[PDB]
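Below sits a lone chain in structure tokens, taken as the form deposited in one PDB entry.
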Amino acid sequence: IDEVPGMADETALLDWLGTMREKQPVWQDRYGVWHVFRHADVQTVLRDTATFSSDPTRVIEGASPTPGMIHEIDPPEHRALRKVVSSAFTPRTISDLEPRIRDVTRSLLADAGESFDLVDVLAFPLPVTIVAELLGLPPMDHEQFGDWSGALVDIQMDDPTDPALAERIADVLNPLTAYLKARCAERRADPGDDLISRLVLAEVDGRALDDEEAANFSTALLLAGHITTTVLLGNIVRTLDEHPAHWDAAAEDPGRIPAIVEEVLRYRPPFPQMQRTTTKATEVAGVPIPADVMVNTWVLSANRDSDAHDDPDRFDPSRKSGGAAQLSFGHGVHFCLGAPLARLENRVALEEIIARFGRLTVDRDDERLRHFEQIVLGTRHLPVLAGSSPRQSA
């Protein structure tokens, strides 16, 4: 009746979510937030944007959406802005990144010894380097860019109800946003082919982005790639380490890797929950929910729901997977804009791990392994051990 268990103890959280799907699939917590646990009900909510709005500022007095952020806005404005941003951040822009992601990955892994932190070595520097280059930032600016991004990632280790959270976020986000806004002005003066240049030049149905909107979107790209590569890649290695036969399977046929990625997403989604606000009195699975309250859709619970997935707690890459049905990227019109980049970056990273090492295991003699306590499902670091590498003279 009391409290939502924390992210850190994954077993207890998963156990609790099980009991809820079973006994209270639509639950109202002590703060008046409504949780939704079943795959079918989560889908219902995510599809009905008219009832379940993505704007959480509407019920907070003088707060308004962040300009250039598509995840806080509803149709029809949502469609119009995602059109503008996509015309810049295009499918071909992402896919063209493969050789460089591979190059950076291969270089970063070649200097890692045999015992190292997978996050410090790879999962943290790779996405920052890639986004920075995508954005067109001078190499000399990259370190500070990653410093700002890292500081924001570190904050997510902290309690979200800590009343200083908002202020701490502001002290890093402000200079980061200032920086990007100044780069947008620069590309406006002299546009090239980098993403910031495409952002300031983009226009769809007469809608163009100002430097504020362009910089905010660029900020979301940085933080999205950084946090998610850190979390998903760690989850990939942790999960494979629990089912180590797949390492050999993927070594013999690297074409098996995209399915592994999808199954790790299902099994250990970087974001276990998403939020909506009701716009009117409504119902989920016969349970009445009043107007103007927050609803939490538990992607984690839905992904483990036996009505949606056979033997839902079995790690099994052989499942049908892929595409728009990957609930870990959400569902419907807000389906992750970065899904192609996520899928690409983590596939290349896993290809390269296997290429050099054959496998990694989570280091047992090291608990630098601190789980994110809220928002994210995974760890800030992942101490690993390579049993084999090209460095062995045997």
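Start at 1 with the first residue shown and count on from there. Here the rigid core means the biggest group of C-alpha atoms that line up within 1.5 Å when the two forms are laid on top of each other.
Beyond what is shown, the protein has a form deposited in another entry; the following relates to that form.
- Shift analysis on the rigid core between this form and the one not shown singles out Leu152 from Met294, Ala112, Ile257, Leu152 (C-alpha displacement of 2 Å or more).
- With a cut-off of 2 Å and the rigid core superposed, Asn174 has a Cα displacement that reaches or exceeds the cut-off between this form and the one not shown.
- Core-superposed comparison between this form and the one not shown: CA of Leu134 displaced by 2 Å or more.
- Core-superposed comparison between this form and the one not shown: CA of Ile73 displaced by less than 2 Å.
- Relative to the shown form, the CA atoms of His381 and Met157 are pushed 3 Å or more farther apart in the other entry.
- Compared with the form shown here, the C-alpha atoms of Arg359 and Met157 sit at least 3 Å farther apart in the other entry.
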